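Take a look at this single chain, the form deposited in one PDB entry, given in structure tokens.
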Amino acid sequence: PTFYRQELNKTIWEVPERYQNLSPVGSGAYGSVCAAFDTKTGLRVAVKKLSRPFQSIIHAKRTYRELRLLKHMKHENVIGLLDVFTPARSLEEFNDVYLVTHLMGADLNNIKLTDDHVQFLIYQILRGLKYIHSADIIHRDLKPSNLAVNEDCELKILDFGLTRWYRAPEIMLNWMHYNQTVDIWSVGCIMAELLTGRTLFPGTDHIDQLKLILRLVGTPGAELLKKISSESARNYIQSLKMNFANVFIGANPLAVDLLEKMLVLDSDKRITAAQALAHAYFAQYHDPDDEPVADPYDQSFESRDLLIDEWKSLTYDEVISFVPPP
């Protein structure tokens, strides 16, 4: 394919002629994104240029992790790859990676909604999340900026968009043994924000965050306190449930019920994505024959400590072996 090279905000962009009208959209810690017109399909696409993929072992592993993940994601409510490319002709000159996906045009942060909107948006997050969780993946950072949305309200989960507010309390306590329901806590927070037009737990730090959570959900019972190893955490928690019905007064009572089953302190007793999809609140959208699960996903590389050249070679193999969707 014939590549062409141009400069957008001091960043060099070298892409196939397939992609036209490159327009800068923004950036993150892990790269920069342009909007572009895909002449092959006539659709608009988001192109992400990874910034310095192989600067370090951690960058190299992060690059591999992203490419491997997005190659696996094949679902309507989850970001996947239309294309992956590098201007490098060989492994020896391999130093850039570009990822291409279908463009939605907005995130959930740039969007007080009606109840039907909330039903549809949250249903799509949970449908996508069921698929993600079925591959034994935990997102760990669900928040509005990691949810890409259409102008007809279709939603896809992103891995990194353009945080503590939506984090499960056990992550704040640094438990390290997280259940997948950490993502369901995050969904609970987002859902509440959409309904009420305001952040549920706008903590100023990780400590204030727990205070705000405790004010709504109540102090943990005896059964939860005995699971907390940290003497400091236990001393802070004990040195301090609101009627959800009233906190979310005016909302759909089925929306309030679901929210009570998501924002549960005990991660064991939180509703799963698959369980939440069958809640009466989503009766208009729930179709158990169209809520698919994922092919098992090999994350065994995550426990490996490899050199940059090894990560880099493995990333290159995954670029060359990429087969686009139909």
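Numbering starts at 1 and runs along the sequence shown. Between two forms, the rigid core is defined as the largest C-alpha subset superposing within 1.5 Å.
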Query raised in the report: Can you tell me whether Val217 lacks a model in a third or more of the other compared entries?
Result: no
Query raised in the report: Any chance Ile111 is unbuilt in a third or more of the other entries we compared?
Result: yes
Requested in this report: If the chain runs straight from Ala251 to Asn252, say none; otherwise bin the unmodelled deposited residues as 1 to 3, 4 to 9, or 10 or more.
Outcome: none
Report task. Check the residues of the deposited sequence separating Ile111 from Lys112 and report how many of them have no coordinates, as none, 1 to 3, 4 to 9, or 10 or more. Result -> 4 to 9
Report summary line: The stretch whose C-alpha atoms carry the larger average B-factor in the entry, 36-44 or 261-269, is 36-44
Query raised in the report: According to the deposited model, is the average Cα temperature factor higher in 119-127 or in 152-160?
Result: 152-160
Query - Given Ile132, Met191, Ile79, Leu173, the residue at which the Cα B factor reaches its maximum - result: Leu173
Report task. Could you tell me which one of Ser90, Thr181, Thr101, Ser145 shows the highest CA temperature factor in the PDB record? Result -> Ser90
Requested in this report: Taking the values exactly as deposited, rank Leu240 by C-alpha B-factor within its chain and report the matching third: lowest, middle or highest.
Outcome: highest
Query raised in the report: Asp107's Cα B-factor: lowest, middle or highest third of the chain?
Result: middle
Query raised in the report: Comparing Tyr64 with the other modelled residues of its chain, is its CA B-factor in the lowest, middle or highest third?
Result: lowest
Report task. Name the third of the chain's ranked CA B-factors that contains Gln275, choosing lowest, middle or highest. Result -> lowest
Report task. Classify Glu231 as lowest, middle or highest third according to the C-alpha B-factor given in the PDB entry, relative to its own chain. Result -> highest
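If you look for the form deposited in another entry, you will not find it shown, but the lines that follow are about it.
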Query raised in the report: For the list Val33, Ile271, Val45, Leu67, which one shows a CA move of 2 Å or more between this form and the one not shown after the core is fit?
Result: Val33
Requested in this report: For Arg234, state whether the C-alpha moves by 2 Å or more between this form and the one not shown after rigid core superposition.
Outcome: yes
Query raised in the report: Do you see a C-alpha shift of 2 Å or more at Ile138 between this form and the one not shown, with the core held fixed?
Result: no
Query - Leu225 C-alpha shift between this form and the one not shown of 2 Å or more, rigid core reference - result: yes
